[PDB]
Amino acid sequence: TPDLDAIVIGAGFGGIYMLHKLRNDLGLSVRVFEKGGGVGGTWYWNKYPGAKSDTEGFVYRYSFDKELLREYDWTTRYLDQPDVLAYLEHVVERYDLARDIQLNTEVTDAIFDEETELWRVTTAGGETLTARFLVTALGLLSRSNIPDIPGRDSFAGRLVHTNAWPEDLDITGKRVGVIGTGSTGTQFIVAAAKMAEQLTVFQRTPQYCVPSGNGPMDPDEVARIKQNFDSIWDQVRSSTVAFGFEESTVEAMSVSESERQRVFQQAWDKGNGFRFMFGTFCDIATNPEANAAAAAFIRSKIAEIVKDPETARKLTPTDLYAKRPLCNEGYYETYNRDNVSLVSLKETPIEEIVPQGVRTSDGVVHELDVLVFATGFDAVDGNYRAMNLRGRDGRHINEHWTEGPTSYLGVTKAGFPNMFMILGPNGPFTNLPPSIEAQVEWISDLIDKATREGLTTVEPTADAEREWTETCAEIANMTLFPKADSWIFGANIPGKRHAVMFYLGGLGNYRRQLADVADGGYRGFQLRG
(Lines of atoms letter the chains of each structure in order from A and count residues from 1; the text may use other names and numbers.)
(Lines give C-alpha, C1' and ligand atoms only; values in the text may rest on other atoms or scores of the structure.)
Protein backbone atom coordinates (compact mmCIF):
# COMPACT_ATOMS: atom_id res chain seq x y z
CA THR A 1 0.00 0.00 0.00
CA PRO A 2 1.67 3.27 -1.12
CA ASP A 3 1.99 6.44 0.98
CA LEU A 4 0.22 8.38 -1.83
CA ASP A 5 -1.69 7.51 -5.00
CA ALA A 6 0.50 9.85 -6.97
CA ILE A 7 3.57 12.08 -6.70
CA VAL A 8 4.05 15.00 -9.06
CA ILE A 9 7.50 16.66 -9.48
CA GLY A 10 7.47 20.33 -10.49
CA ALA A 11 5.11 23.22 -9.83
CA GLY A 12 5.07 25.07 -13.13
CA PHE A 13 2.12 25.06 -15.54
CA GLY A 14 2.51 21.34 -15.82
CA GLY A 15 2.58 20.15 -12.19
CA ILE A 16 0.02 22.67 -11.09
CA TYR A 17 -2.60 21.31 -13.53
CA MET A 18 -1.60 17.72 -12.93
CA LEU A 19 -2.18 18.10 -9.18
CA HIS A 20 -5.54 19.70 -9.80
CA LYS A 21 -6.69 16.90 -12.04
CA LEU A 22 -5.50 14.02 -9.82
CA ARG A 23 -6.54 15.49 -6.51
CA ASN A 24 -9.59 17.64 -7.20
CA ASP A 25 -11.09 15.85 -10.16
CA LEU A 26 -10.11 12.17 -9.45
CA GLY A 27 -10.07 12.35 -5.64
CA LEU A 28 -6.65 10.72 -5.37
CA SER A 29 -4.04 11.44 -2.65
CA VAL A 30 -1.31 13.51 -4.23
CA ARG A 31 1.73 15.62 -3.38
CA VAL A 32 3.85 17.87 -5.54
CA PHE A 33 7.54 18.37 -4.84
CA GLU A 34 9.10 21.53 -6.21
CA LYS A 35 12.74 22.52 -5.62
CA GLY A 36 11.98 26.25 -5.77
CA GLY A 37 10.86 28.39 -2.89
CA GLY A 38 7.65 29.26 -4.79
CA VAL A 39 5.37 27.90 -7.45
CA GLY A 40 5.50 28.97 -11.07
CA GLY A 41 8.31 27.12 -12.72
CA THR A 42 9.87 29.14 -15.48
CA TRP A 43 7.93 32.15 -14.18
CA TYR A 44 9.30 31.76 -10.60
CA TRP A 45 12.94 31.38 -11.68
CA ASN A 46 13.30 33.85 -14.58
CA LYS A 47 13.22 37.07 -12.64
CA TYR A 48 15.53 38.99 -14.94
CA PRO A 49 14.63 42.40 -16.46
CA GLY A 50 12.79 41.88 -19.78
CA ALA A 51 11.65 38.39 -19.01
CA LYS A 52 8.37 37.70 -20.76
CA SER A 53 6.45 35.16 -22.82
CA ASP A 54 6.22 35.51 -26.64
CA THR A 55 2.92 33.66 -26.71
CA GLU A 56 0.51 36.57 -26.75
CA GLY A 57 -1.20 36.93 -23.53
CA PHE A 58 -4.62 35.97 -24.59
CA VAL A 59 -3.54 32.36 -25.09
CA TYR A 60 -0.63 32.09 -22.58
CA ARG A 61 -2.94 30.68 -19.97
CA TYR A 62 -5.02 27.64 -19.16
CA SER A 63 -8.23 27.02 -21.14
CA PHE A 64 -9.87 24.28 -19.09
CA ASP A 65 -11.95 26.50 -16.78
CA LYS A 66 -14.39 28.86 -18.52
CA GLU A 67 -15.01 30.95 -15.42
CA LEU A 68 -11.34 31.66 -15.05
CA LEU A 69 -11.16 32.66 -18.68
CA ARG A 70 -14.05 35.07 -18.09
CA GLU A 71 -12.73 36.58 -14.91
CA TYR A 72 -8.96 36.93 -15.18
CA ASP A 73 -7.79 40.18 -16.81
CA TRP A 74 -4.66 41.01 -18.77
CA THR A 75 -3.69 44.61 -19.84
CA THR A 76 -0.65 44.10 -22.09
CA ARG A 77 -0.38 42.20 -25.32
CA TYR A 78 2.43 40.05 -23.94
CA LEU A 79 2.78 38.99 -20.30
CA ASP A 80 5.90 39.88 -18.35
CA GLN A 81 7.24 37.31 -15.87
CA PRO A 82 5.62 38.91 -12.75
CA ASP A 83 2.25 38.76 -14.52
CA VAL A 84 2.54 35.09 -15.50
CA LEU A 85 3.75 34.28 -11.96
CA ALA A 86 0.76 36.10 -10.48
CA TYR A 87 -1.60 34.10 -12.69
CA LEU A 88 -0.15 30.76 -11.68
CA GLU A 89 -0.29 31.88 -8.00
CA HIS A 90 -3.89 32.68 -8.52
CA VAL A 91 -4.58 29.33 -10.04
CA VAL A 92 -2.94 27.64 -6.98
CA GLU A 93 -5.18 29.74 -4.68
CA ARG A 94 -8.33 29.18 -6.74
CA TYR A 95 -8.11 25.42 -6.69
CA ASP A 96 -6.73 25.15 -3.04
CA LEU A 97 -3.50 23.58 -4.27
CA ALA A 98 -0.87 25.09 -2.05
CA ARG A 99 -1.58 22.69 0.86
CA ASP A 100 -0.30 19.80 -1.36
CA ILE A 101 2.71 21.51 -2.89
CA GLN A 102 5.92 21.02 -0.87
CA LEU A 103 8.38 23.71 -1.75
CA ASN A 104 12.19 23.77 -1.39
CA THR A 105 12.11 20.03 -2.12
CA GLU A 106 14.41 18.60 -4.80
CA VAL A 107 13.71 15.00 -5.79
CA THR A 108 17.07 13.31 -6.13
CA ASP A 109 15.97 9.69 -6.77
CA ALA A 110 12.92 8.00 -8.19
CA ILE A 111 13.07 4.24 -8.19
CA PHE A 112 10.58 1.62 -9.36
CA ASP A 113 10.17 -1.48 -7.23
CA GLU A 114 9.08 -4.39 -9.45
CA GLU A 115 8.07 -6.47 -6.49
CA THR A 116 5.61 -3.99 -4.94
CA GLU A 117 4.96 -2.19 -8.26
CA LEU A 118 5.42 1.15 -6.53
CA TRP A 119 7.63 4.15 -7.02
CA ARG A 120 9.92 5.34 -4.24
CA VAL A 121 10.90 9.01 -4.27
CA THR A 122 13.82 10.41 -2.26
CA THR A 123 14.24 14.08 -1.37
CA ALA A 124 17.46 16.08 -1.08
CA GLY A 125 16.48 16.62 2.56
CA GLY A 126 16.63 12.84 3.19
CA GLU A 127 13.04 11.71 3.19
CA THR A 128 11.44 8.94 1.20
CA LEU A 129 7.98 7.91 0.29
CA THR A 130 6.02 5.78 -2.08
CA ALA A 131 3.30 6.30 -4.74
CA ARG A 132 1.64 4.13 -7.36
CA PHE A 133 1.94 6.81 -10.03
CA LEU A 134 4.81 9.19 -10.74
CA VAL A 135 4.33 12.32 -12.92
CA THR A 136 7.47 14.20 -13.82
CA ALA A 137 6.78 17.82 -14.91
CA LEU A 138 10.41 18.83 -14.80
CA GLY A 139 10.45 21.43 -17.57
CA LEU A 140 11.84 21.37 -21.07
CA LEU A 141 13.62 24.69 -20.36
CA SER A 142 14.52 24.49 -16.68
CA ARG A 143 18.00 23.01 -16.13
CA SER A 144 20.40 25.93 -16.46
CA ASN A 145 23.46 25.57 -18.82
CA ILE A 146 26.40 27.50 -17.33
CA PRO A 147 29.41 26.93 -19.59
CA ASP A 148 32.94 26.22 -18.28
CA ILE A 149 34.56 29.32 -19.46
CA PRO A 150 38.14 29.63 -18.17
CA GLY A 151 38.42 31.74 -15.01
CA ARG A 152 34.63 31.94 -14.48
CA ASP A 153 34.97 31.29 -10.74
CA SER A 154 37.46 34.24 -10.39
CA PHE A 155 34.92 36.89 -11.17
CA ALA A 156 34.45 39.12 -8.11
CA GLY A 157 31.13 40.76 -8.95
CA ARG A 158 27.62 39.42 -9.30
CA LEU A 159 27.67 36.41 -11.70
CA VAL A 160 24.28 35.09 -12.50
CA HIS A 161 22.44 32.84 -15.03
CA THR A 162 19.13 34.32 -16.13
CA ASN A 163 17.26 31.22 -14.90
CA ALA A 164 18.69 31.97 -11.43
CA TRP A 165 18.31 35.72 -11.56
CA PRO A 166 18.26 37.13 -7.94
CA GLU A 167 15.28 39.22 -6.97
CA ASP A 168 17.47 41.70 -5.07
CA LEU A 169 19.77 42.50 -8.06
CA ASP A 170 19.29 46.00 -9.48
CA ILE A 171 21.53 46.66 -12.47
CA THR A 172 20.65 50.34 -12.62
CA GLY A 173 23.86 52.39 -13.11
CA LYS A 174 26.09 49.40 -13.23
CA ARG A 175 28.56 48.01 -15.83
CA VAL A 176 26.90 44.88 -17.13
CA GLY A 177 28.04 42.13 -19.45
CA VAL A 178 25.90 39.46 -21.00
CA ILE A 179 26.91 36.27 -22.67
CA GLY A 180 24.26 34.93 -25.06
CA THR A 181 21.89 36.35 -27.67
CA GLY A 182 19.02 33.87 -27.85
CA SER A 183 15.48 34.71 -26.83
CA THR A 184 16.63 35.30 -23.21
CA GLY A 185 19.67 37.36 -23.90
CA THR A 186 17.97 39.59 -26.53
CA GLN A 187 14.94 40.51 -24.33
CA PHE A 188 17.34 41.09 -21.38
CA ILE A 189 19.48 43.32 -23.62
CA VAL A 190 16.54 45.52 -24.53
CA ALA A 191 15.60 45.99 -20.90
CA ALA A 192 19.09 46.22 -19.51
CA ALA A 193 20.33 48.85 -21.90
CA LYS A 194 17.79 51.28 -20.41
CA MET A 195 19.10 50.71 -16.87
CA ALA A 196 22.81 49.95 -17.05
CA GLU A 197 25.51 52.62 -17.17
CA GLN A 198 27.18 50.38 -19.83
CA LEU A 199 26.10 47.13 -21.41
CA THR A 200 28.52 44.86 -23.15
CA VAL A 201 27.09 42.08 -25.25
CA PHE A 202 29.29 39.00 -25.85
CA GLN A 203 27.66 37.48 -28.93
CA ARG A 204 28.86 34.20 -30.38
CA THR A 205 26.09 33.78 -33.03
CA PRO A 206 23.73 36.52 -34.21
CA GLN A 207 20.08 35.58 -34.51
CA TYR A 208 17.13 36.74 -36.61
CA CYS A 209 14.54 38.81 -34.70
CA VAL A 210 11.24 40.53 -35.59
CA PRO A 211 9.15 43.13 -33.67
CA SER A 212 7.02 41.86 -30.90
CA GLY A 213 4.44 44.60 -31.32
CA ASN A 214 4.05 44.67 -27.54
CA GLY A 215 1.99 47.39 -25.91
CA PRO A 216 -1.12 48.00 -23.84
CA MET A 217 -4.29 46.17 -24.66
CA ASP A 218 -7.42 47.96 -25.48
CA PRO A 219 -9.79 46.78 -22.65
CA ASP A 220 -12.64 46.59 -25.19
CA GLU A 221 -10.51 44.18 -27.25
CA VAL A 222 -9.87 42.00 -24.15
CA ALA A 223 -13.68 41.91 -23.62
CA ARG A 224 -14.18 40.88 -27.24
CA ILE A 225 -11.52 38.22 -26.98
CA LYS A 226 -13.21 36.84 -23.85
CA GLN A 227 -16.55 36.71 -25.61
CA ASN A 228 -14.90 34.71 -28.43
CA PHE A 229 -12.77 32.34 -26.33
CA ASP A 230 -14.57 29.22 -27.37
CA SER A 231 -13.64 29.80 -31.05
CA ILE A 232 -10.20 31.02 -30.16
CA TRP A 233 -9.34 27.86 -28.28
CA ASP A 234 -10.84 25.58 -30.95
CA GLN A 235 -8.52 27.22 -33.50
CA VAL A 236 -5.54 26.85 -31.03
CA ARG A 237 -6.13 23.18 -30.44
CA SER A 238 -6.45 22.36 -34.18
CA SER A 239 -3.51 24.40 -35.24
CA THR A 240 0.14 23.43 -35.61
CA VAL A 241 1.93 25.98 -33.31
CA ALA A 242 -1.02 27.07 -31.15
CA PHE A 243 -0.06 30.71 -30.87
CA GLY A 244 -3.64 31.98 -31.50
CA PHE A 245 -3.17 33.23 -35.10
CA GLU A 246 -4.37 31.59 -38.31
CA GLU A 247 -1.47 29.83 -39.98
CA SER A 248 -0.81 30.35 -43.67
CA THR A 249 -1.71 27.79 -46.25
CA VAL A 250 0.13 29.59 -49.03
CA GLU A 251 3.52 28.52 -50.41
CA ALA A 252 5.95 31.37 -50.42
CA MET A 253 7.24 30.91 -53.92
CA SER A 254 3.68 30.53 -55.39
CA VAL A 255 3.10 34.30 -55.23
CA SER A 256 4.90 37.24 -56.74
CA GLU A 257 7.98 38.88 -55.27
CA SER A 258 5.85 41.95 -54.49
CA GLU A 259 3.26 39.86 -52.67
CA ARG A 260 6.09 38.08 -50.58
CA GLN A 261 7.35 41.50 -49.59
CA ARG A 262 3.92 42.65 -48.68
CA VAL A 263 3.14 39.54 -46.62
CA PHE A 264 6.48 39.76 -44.71
CA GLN A 265 5.99 43.43 -44.10
CA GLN A 266 2.44 42.95 -42.84
CA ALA A 267 3.72 40.28 -40.40
CA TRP A 268 6.67 42.49 -39.37
CA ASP A 269 4.21 45.30 -38.62
CA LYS A 270 1.87 43.09 -36.63
CA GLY A 271 4.77 41.48 -34.65
CA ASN A 272 5.57 38.06 -33.16
CA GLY A 273 8.20 35.63 -34.26
CA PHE A 274 5.93 32.67 -34.59
CA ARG A 275 3.61 34.86 -36.72
CA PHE A 276 6.59 35.65 -38.99
CA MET A 277 7.60 32.10 -39.36
CA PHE A 278 4.16 30.45 -39.69
CA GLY A 279 1.62 33.23 -40.30
CA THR A 280 3.23 34.44 -43.55
CA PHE A 281 3.61 31.35 -45.71
CA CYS A 282 3.19 27.61 -45.05
CA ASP A 283 6.72 26.55 -45.95
CA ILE A 284 9.17 28.95 -44.34
CA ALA A 285 10.56 26.17 -42.12
CA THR A 286 10.44 23.39 -44.78
CA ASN A 287 11.41 24.90 -48.10
CA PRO A 288 14.95 26.35 -48.45
CA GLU A 289 13.85 28.83 -51.09
CA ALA A 290 11.04 30.18 -48.86
CA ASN A 291 13.41 30.22 -45.87
CA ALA A 292 15.90 32.28 -47.83
CA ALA A 293 13.25 34.94 -48.59
CA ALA A 294 12.20 35.25 -45.00
CA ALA A 295 15.84 35.47 -43.82
CA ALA A 296 16.62 38.08 -46.47
CA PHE A 297 13.76 40.24 -45.37
CA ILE A 298 15.03 40.29 -41.78
CA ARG A 299 18.63 41.00 -42.87
CA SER A 300 17.35 44.02 -44.87
CA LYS A 301 15.71 45.38 -41.76
CA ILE A 302 18.93 45.06 -39.77
CA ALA A 303 20.76 46.99 -42.38
CA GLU A 304 18.08 49.76 -42.30
CA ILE A 305 17.94 50.01 -38.53
CA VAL A 306 21.54 49.74 -37.29
CA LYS A 307 23.46 52.97 -37.95
CA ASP A 308 27.04 51.78 -37.61
CA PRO A 309 27.92 49.49 -40.50
CA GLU A 310 30.39 47.29 -38.50
CA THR A 311 27.76 46.83 -35.80
CA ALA A 312 25.16 46.01 -38.49
CA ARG A 313 27.52 43.43 -39.98
CA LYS A 314 28.16 41.78 -36.61
CA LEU A 315 24.41 41.60 -35.96
CA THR A 316 23.49 40.06 -39.36
CA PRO A 317 22.91 36.32 -39.22
CA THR A 318 24.08 34.14 -42.05
CA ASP A 319 22.55 30.84 -41.25
CA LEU A 320 19.06 29.32 -41.79
CA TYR A 321 16.00 30.95 -40.27
CA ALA A 322 15.25 27.72 -38.37
CA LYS A 323 15.98 28.44 -34.68
CA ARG A 324 13.06 29.10 -32.30
CA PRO A 325 11.84 32.42 -33.68
CA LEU A 326 12.69 35.55 -31.72
CA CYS A 327 10.80 38.80 -31.30
CA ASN A 328 11.50 41.88 -29.16
CA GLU A 329 10.75 45.59 -28.76
CA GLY A 330 13.51 47.48 -30.60
CA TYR A 331 16.26 44.83 -30.37
CA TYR A 332 18.41 46.01 -33.25
CA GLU A 333 17.72 49.64 -32.33
CA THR A 334 19.30 49.04 -28.90
CA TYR A 335 22.66 48.84 -30.64
CA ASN A 336 22.27 52.51 -31.68
CA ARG A 337 22.56 53.57 -28.01
CA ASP A 338 25.82 55.09 -26.83
CA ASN A 339 25.91 52.79 -23.76
CA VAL A 340 25.77 49.47 -25.60
CA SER A 341 28.73 47.65 -27.12
CA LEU A 342 28.74 44.52 -29.14
CA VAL A 343 31.65 42.06 -28.98
CA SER A 344 31.65 39.38 -31.56
CA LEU A 345 33.14 36.22 -30.01
CA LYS A 346 33.91 35.07 -33.50
CA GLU A 347 36.33 37.92 -33.94
CA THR A 348 37.57 38.16 -30.31
CA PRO A 349 36.61 35.06 -28.26
CA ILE A 350 36.72 35.15 -24.50
CA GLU A 351 40.19 34.15 -23.27
CA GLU A 352 39.47 34.29 -19.53
CA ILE A 353 37.02 35.60 -17.03
CA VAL A 354 38.96 37.62 -14.36
CA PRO A 355 38.11 39.20 -11.09
CA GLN A 356 37.25 42.59 -12.70
CA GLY A 357 35.44 41.26 -15.84
CA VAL A 358 36.13 39.47 -19.11
CA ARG A 359 39.30 39.39 -21.10
CA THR A 360 38.89 38.77 -24.80
CA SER A 361 41.52 37.50 -27.20
CA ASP A 362 42.50 41.01 -28.22
CA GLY A 363 43.71 41.53 -24.60
CA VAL A 364 40.92 43.95 -23.79
CA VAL A 365 39.64 43.72 -20.24
CA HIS A 366 35.95 44.45 -20.16
CA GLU A 367 35.34 45.77 -16.67
CA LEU A 368 32.07 44.58 -15.20
CA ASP A 369 30.05 44.79 -11.98
CA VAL A 370 27.63 42.15 -13.19
CA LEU A 371 28.15 39.24 -15.54
CA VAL A 372 24.99 37.61 -16.91
CA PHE A 373 24.94 34.17 -18.38
CA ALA A 374 22.08 34.03 -20.91
CA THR A 375 23.48 30.71 -22.01
CA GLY A 376 20.36 28.64 -22.18
CA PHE A 377 19.43 25.20 -20.93
CA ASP A 378 20.18 21.54 -20.84
CA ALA A 379 16.89 21.27 -22.60
CA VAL A 380 14.22 18.56 -22.60
CA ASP A 381 16.09 15.74 -20.92
CA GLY A 382 18.40 17.64 -18.56
CA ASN A 383 16.42 17.21 -15.29
CA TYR A 384 15.71 13.55 -16.08
CA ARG A 385 19.36 12.58 -16.67
CA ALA A 386 20.45 14.45 -13.49
CA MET A 387 17.99 12.47 -11.34
CA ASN A 388 18.73 8.95 -10.10
CA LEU A 389 15.73 7.73 -12.08
CA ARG A 390 15.54 3.96 -12.39
CA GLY A 391 12.99 1.57 -13.83
CA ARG A 392 12.70 -2.10 -14.46
CA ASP A 393 15.83 -4.19 -13.81
CA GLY A 394 17.14 -1.23 -11.81
CA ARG A 395 18.33 0.45 -14.99
CA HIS A 396 18.99 4.19 -14.94
CA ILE A 397 17.20 6.28 -17.62
CA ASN A 398 20.55 7.06 -19.13
CA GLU A 399 20.88 3.44 -20.20
CA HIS A 400 17.73 3.85 -22.32
CA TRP A 401 18.87 7.16 -23.85
CA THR A 402 22.28 6.44 -25.35
CA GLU A 403 21.22 7.60 -28.85
CA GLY A 404 19.17 10.53 -27.47
CA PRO A 405 16.16 10.81 -25.20
CA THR A 406 13.05 8.75 -25.98
CA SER A 407 9.43 8.30 -25.01
CA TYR A 408 6.16 6.90 -26.22
CA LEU A 409 3.89 9.88 -27.19
CA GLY A 410 5.98 12.40 -25.22
CA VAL A 411 4.35 11.21 -22.01
CA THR A 412 5.43 7.64 -21.12
CA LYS A 413 8.59 5.49 -21.25
CA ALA A 414 9.14 1.82 -21.83
CA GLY A 415 10.72 0.22 -18.77
CA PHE A 416 9.21 2.83 -16.52
CA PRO A 417 5.78 1.63 -15.57
CA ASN A 418 3.30 4.07 -14.01
CA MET A 419 5.57 7.03 -14.83
CA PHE A 420 4.07 9.89 -16.87
CA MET A 421 5.95 12.84 -18.22
CA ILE A 422 4.63 16.41 -18.85
CA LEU A 423 6.59 17.78 -21.72
CA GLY A 424 8.94 14.85 -21.81
CA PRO A 425 11.15 13.98 -24.78
CA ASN A 426 9.60 13.68 -28.25
CA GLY A 427 6.47 15.67 -27.64
CA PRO A 428 4.97 18.81 -29.20
CA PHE A 429 6.75 22.02 -30.00
CA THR A 430 3.96 24.64 -29.64
CA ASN A 431 2.66 27.36 -27.39
CA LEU A 432 3.08 25.10 -24.31
CA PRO A 433 0.07 25.62 -22.06
CA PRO A 434 -2.38 23.92 -24.46
CA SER A 435 0.10 21.10 -25.07
CA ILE A 436 0.43 20.68 -21.30
CA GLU A 437 -3.35 20.54 -21.08
CA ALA A 438 -3.60 17.86 -23.71
CA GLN A 439 -0.99 15.75 -21.91
CA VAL A 440 -2.35 16.29 -18.38
CA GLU A 441 -5.84 15.40 -19.44
CA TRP A 442 -4.74 12.29 -21.32
CA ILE A 443 -2.59 11.16 -18.32
CA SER A 444 -5.48 11.81 -15.99
CA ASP A 445 -7.82 9.62 -18.08
CA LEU A 446 -5.32 6.78 -18.19
CA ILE A 447 -4.63 6.91 -14.42
CA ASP A 448 -8.37 6.93 -13.84
CA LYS A 449 -8.78 3.91 -16.04
CA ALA A 450 -6.10 2.13 -13.98
CA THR A 451 -7.97 3.08 -10.80
CA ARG A 452 -11.45 2.01 -12.04
CA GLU A 453 -10.16 -1.30 -13.51
CA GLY A 454 -7.72 -2.20 -10.72
CA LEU A 455 -4.63 -2.13 -12.89
CA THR A 456 -1.34 -2.36 -11.12
CA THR A 457 0.90 -1.29 -14.02
CA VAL A 458 0.61 0.66 -17.22
CA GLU A 459 3.67 0.66 -19.50
CA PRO A 460 4.50 1.19 -23.19
CA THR A 461 6.23 -1.45 -25.11
CA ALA A 462 9.79 -1.11 -26.36
CA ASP A 463 8.45 -1.52 -29.94
CA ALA A 464 5.89 1.26 -29.44
CA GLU A 465 8.50 3.62 -28.12
CA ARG A 466 10.97 2.81 -30.98
CA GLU A 467 8.16 3.44 -33.54
CA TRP A 468 7.51 6.80 -31.88
CA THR A 469 11.16 7.75 -32.15
CA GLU A 470 11.12 6.83 -35.89
CA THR A 471 7.92 8.92 -36.37
CA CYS A 472 9.55 11.88 -34.76
CA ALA A 473 12.75 11.54 -36.69
CA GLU A 474 10.94 11.25 -40.03
CA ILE A 475 8.87 14.37 -39.37
CA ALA A 476 11.88 16.35 -38.19
CA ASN A 477 13.79 15.39 -41.31
CA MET A 478 10.97 16.98 -43.43
CA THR A 479 11.92 20.36 -41.92
CA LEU A 480 14.89 22.66 -41.69
CA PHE A 481 14.98 22.60 -37.87
CA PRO A 482 17.72 19.88 -37.72
CA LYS A 483 19.88 22.13 -39.78
CA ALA A 484 20.11 24.96 -37.30
CA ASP A 485 22.66 24.78 -34.50
CA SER A 486 20.72 25.20 -31.28
CA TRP A 487 19.28 23.60 -28.31
CA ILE A 488 16.35 21.90 -29.99
CA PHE A 489 18.41 18.95 -31.08
CA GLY A 490 20.88 18.95 -28.19
CA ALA A 491 23.71 20.65 -29.93
CA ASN A 492 24.12 23.47 -27.53
CA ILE A 493 25.75 21.53 -24.73
CA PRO A 494 29.29 20.15 -25.38
CA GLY A 495 29.10 16.35 -25.35
CA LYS A 496 25.34 16.21 -25.55
CA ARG A 497 23.99 13.82 -28.18
CA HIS A 498 22.59 15.48 -31.33
CA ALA A 499 19.16 13.90 -31.61
CA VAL A 500 15.47 14.55 -32.22
CA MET A 501 13.86 15.65 -28.99
CA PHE A 502 10.42 16.84 -30.21
CA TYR A 503 7.46 15.65 -32.26
CA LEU A 504 7.32 18.43 -34.89
CA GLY A 505 3.84 17.59 -36.27
CA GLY A 506 1.96 20.23 -34.33
CA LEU A 507 -0.70 20.40 -31.68
CA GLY A 508 -3.71 19.31 -33.80
CA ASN A 509 -1.78 16.31 -35.11
CA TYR A 510 -0.42 15.51 -31.56
CA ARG A 511 -3.91 15.66 -30.03
CA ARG A 512 -5.14 13.18 -32.70
CA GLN A 513 -2.26 10.88 -31.88
CA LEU A 514 -3.18 10.80 -28.26
CA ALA A 515 -6.86 10.39 -28.92
CA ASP A 516 -6.32 7.62 -31.46
CA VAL A 517 -4.13 5.60 -29.00
CA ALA A 518 -6.65 5.93 -26.23
CA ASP A 519 -9.62 5.13 -28.40
CA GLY A 520 -7.75 2.08 -29.84
CA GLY A 521 -7.52 0.43 -26.34
CA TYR A 522 -4.25 2.15 -25.57
CA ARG A 523 -2.43 0.86 -28.49
CA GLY A 524 1.20 0.27 -27.55
CA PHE A 525 0.53 -0.22 -23.80
CA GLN A 526 0.73 -3.27 -21.53
CA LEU A 527 -2.07 -2.92 -19.06
CA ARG A 528 -1.70 -5.41 -16.17
CA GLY A 529 -4.02 -6.16 -13.06
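In case it trips you up, residue 1 is the first one in the sequence shown, and so on.
Enquirer: If you average the CA temperature factors over each stretch, which comes out higher, 93 to 101 or 350 to 358?
Expert: Mean CA B-factor is higher for 350 to 358.
Enquirer: If you take the mean CA temperature factor per stretch, which one wins between 363 to 371 and 385 to 393?
Expert: Between 385 to 393 and 363 to 371, it is 363 to 371.
Enquirer: Please work out which residue in 378, 403, 80, 459 has the highest C-alpha B-factor recorded for this crystal structure.
Expert: By C-alpha B-factor in the record, 403 ranks first.
Enquirer: Per the PDB entry, which option out of 244, 126, 410, 139 has the greatest Cα B factor?
Expert: It is 244.
Enquirer: Taking the chain's C-alpha temperature factors as the reference, tell me which third residue 518 falls into: lowest, middle or highest.
Expert: As the PDB entry reports it, the C-alpha B-factor of residue 518 lands in the highest third of its chain.
Enquirer: So where's residue 471 on the chain's Cα temperature factor ranking, which third?
Expert: It belongs to the highest third of the chain when residues are ordered by C-alpha B-factor.
Enquirer: Lowest, middle or highest third: where is residue 465 by C-alpha B factor in its chain?
Expert: Residue 465: CA B-factor falls in the middle third of its chain.
Enquirer: Should residue 41 be placed in the lowest, middle or highest third of its chain by the C-alpha B factor in the entry?
Expert: Ranked within chain, residue 41 CA B lands in the lowest tercile.
Enquirer: For residue 32, return the chain-relative third of its C-alpha B-factor as stated in the PDB record: lowest, middle or highest.
Expert: For residue 32, the deposited C-alpha B-factor lands in the lowest third.
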